[PDB]
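Form deposited in one PDB entry, single chain, as C-alpha cells, below.
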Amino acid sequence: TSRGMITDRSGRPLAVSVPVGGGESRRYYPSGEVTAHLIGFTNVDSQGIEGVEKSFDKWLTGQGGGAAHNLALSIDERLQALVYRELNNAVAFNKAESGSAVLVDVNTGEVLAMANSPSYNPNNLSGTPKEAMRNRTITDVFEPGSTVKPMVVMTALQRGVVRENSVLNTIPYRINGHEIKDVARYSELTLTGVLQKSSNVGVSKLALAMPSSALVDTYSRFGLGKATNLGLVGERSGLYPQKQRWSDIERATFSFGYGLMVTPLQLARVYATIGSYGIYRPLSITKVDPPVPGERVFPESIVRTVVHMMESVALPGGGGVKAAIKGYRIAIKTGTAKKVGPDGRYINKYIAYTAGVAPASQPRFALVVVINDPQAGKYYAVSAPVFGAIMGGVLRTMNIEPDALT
C-alpha cells in the first residue's frame, strides 16, 4: 500500500513514504511540527485522518484512477520555517495559551505559510493531546477588533461621508449611555490620524453617519462571513450577523470589530484583498498556475489612500510602531481585544492580533498574527513585535527590495 508525496511550491518534501521492511513502507513527515496542523497524519494504514493527508486522500492514493500522484502545496518551507520559529517562541515568551499565523500571497491568493503553536509531531503522536492538534487558523474564531478600522475608512471615503483631508472631532461622547472614549483623549484627529491612534470615537462617527448596511456590505466584499473553501477538516466560516434592525450602539461596536467572529485565515484574506487594492481572489492551499484573475470588490483609488494611511500605525505615533522593519514601509493594524467564552460574554482573558501587508509601495504578502491569552508580559500589543519579526524574514527571504530609507 503506497502513497504519493506532497511537497511545497518548490518540491521540498513535506510527507513521504519510506520503506520499513521488505516492500512495506511507512509515512514520514520531514517538516515535523513546523507544518503538523496543515499536513496532517495517517494511522496504521495509509488513510488520511487530518490536514492535507485527509483532504487529498483520494488524490494521493489514486486507487481506481491511474497511478498515485503527487501534490505541490502553495506553502514555501523557507517561509513556513521562519513563521513557525518566531510564533512558537513568541507564544512561549508571552506565556500564551495558543498562537496562529497565516501568510497569504497578495497577487495570487496562495497560502505561503500557516503555523500554529503549540503543535504536535506527526512522526510520533504518542503523548499529544487533542487540544493541540486542531488547525487553530481555520477552526478558531475571534473578534477582529481594531483590524476592521481600515475598511470603515474605505466606506466613509467611498460613500462621500468624509474626505481624505477631513478633520474629525474625537471628543469622547456617549451613545444612549455608553462612554465611547479613547485611551489618549485627542480633541480632534485627521482622517489619517484616526487609523494611527485607532480612535474609536473617530470611527464611531463614521459608522453612525451612514446606513447600517454599509459596513455589513463592505466586510462581506473583503471575505468576512464567507467560507474560505480550502477542503481542510473543521474549516469554519466564522459567525456573521444577518440582522436587519440595528441599534445605535450595535452599529458602533460593529465599527470597532466587536459583534462578529472570523478565523485567522479569513482575516488574512481581507488584508490580501487590501494589498491587491480592492481585488478579491480566492484562497488556495496548493500551487496555482498564474494568472489568477479574481474579482474587484472595491475601487482601487480608495484602497490606495487607506493603505497609505495605514503606514502611520508603524511610524512614530501609531500603535504598531513596535512592529516596524528596518528599511521597509508596512501598512499594519494591531490591537488587543477580550475573549468570549461559550456563555457569550467577555472573560478576563485578552487576545493580541496584528494584520498588515508589505511593502507599502506595492504589497506582495499579507500576514496575520494572533496571540491567544498572553498571561505574562505587557501590552504597551504583544503581537506587534512578532509581526515585524515574521514579515521581516519573509521580505528578506523573497529578496524584496527595500522600501523606506534606512
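Rigid core here is just the name for the largest C-alpha set that superposes within 1.5 Å across the two forms. The first residue of the shown sequence is 1; numbering continues from there.
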Unresolved deposited residues in the interval that joins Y380 and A381: 1 to 3
If you average the CA temperature factors over each stretch, which comes out higher, 184 to 192 or 210 to 218? 184 to 192
Comparing 277 to 285 with 255 to 263, the higher average Cα temperature factor in the PDB entry belongs to 255 to 263
Just to confirm, going by the entry's C-alpha B-factors, which of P299, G127, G231, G225 comes out highest? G127
Top Cα B-factor in this entry, restricted to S146, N107, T137, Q244, sits on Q244
On the chain's distribution of Cα B-factors, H37 falls within the third called lowest
Per the entry's values, where does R78 land by CA temperature factor relative to the rest of its chain, in the lowest, middle or highest third? lowest
By its CA B factor, does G65 count among the lowest, middle or highest third of the modelled residues in the chain? highest
Of the three thirds of the chain ranked by Cα temperature factor, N200 occupies the highest
Temperature factor at the Cα of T354, chain-ranked in thirds, falls in the lowest
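The discussion below concerns the form deposited with a partner chain bound, not included here.
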Residues in which of 309 to 317, 218 to 226, 174 to 182, 96 to 104 have heavy atoms within 4.5 Å of the partner chain in the entry with it bound? 174 to 182
Look up in the entry with it bound whether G335 has a non-hydrogen atom within 4.5 angstroms of the partner chain, and give yes or no. yes
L260: touches the partner chain in the entry with it bound, heavy atom cutoff 4.5 angstroms: yes
Quick one: is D140 in contact with the partner chain in the entry with it bound, heavy atoms, 4.5 Å cut-off? no
Heavy atoms within 4.5 Å of the partner chain in the entry with it bound: does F256 have any? yes
Using a 4.5 Å heavy atom cut-off, which residue among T286, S276, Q196, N200 comes into contact with the partner chain in the entry with it bound? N200
The partner chain is absent from this chain, but in the entry with it bound, do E164, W246 and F298 each have a non-hydrogen atom within 4.5 Å of it? no
Looking at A227, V233, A81, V141 between the shown form and the other one with the core superposed, the single C-alpha displaced by 2 Å or more is at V233
After superposition on the rigid core, does the Cα atom of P172 shift by at least 2 Å between the shown form and the other one? no
If I superpose the two forms on their rigid core, does the C-alpha of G160 end up displaced by 2 Å or more between the shown form and the other one? no
So, does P293 move by 2 Å or more at the CA between the shown form and the other one, with the core held fixed? no
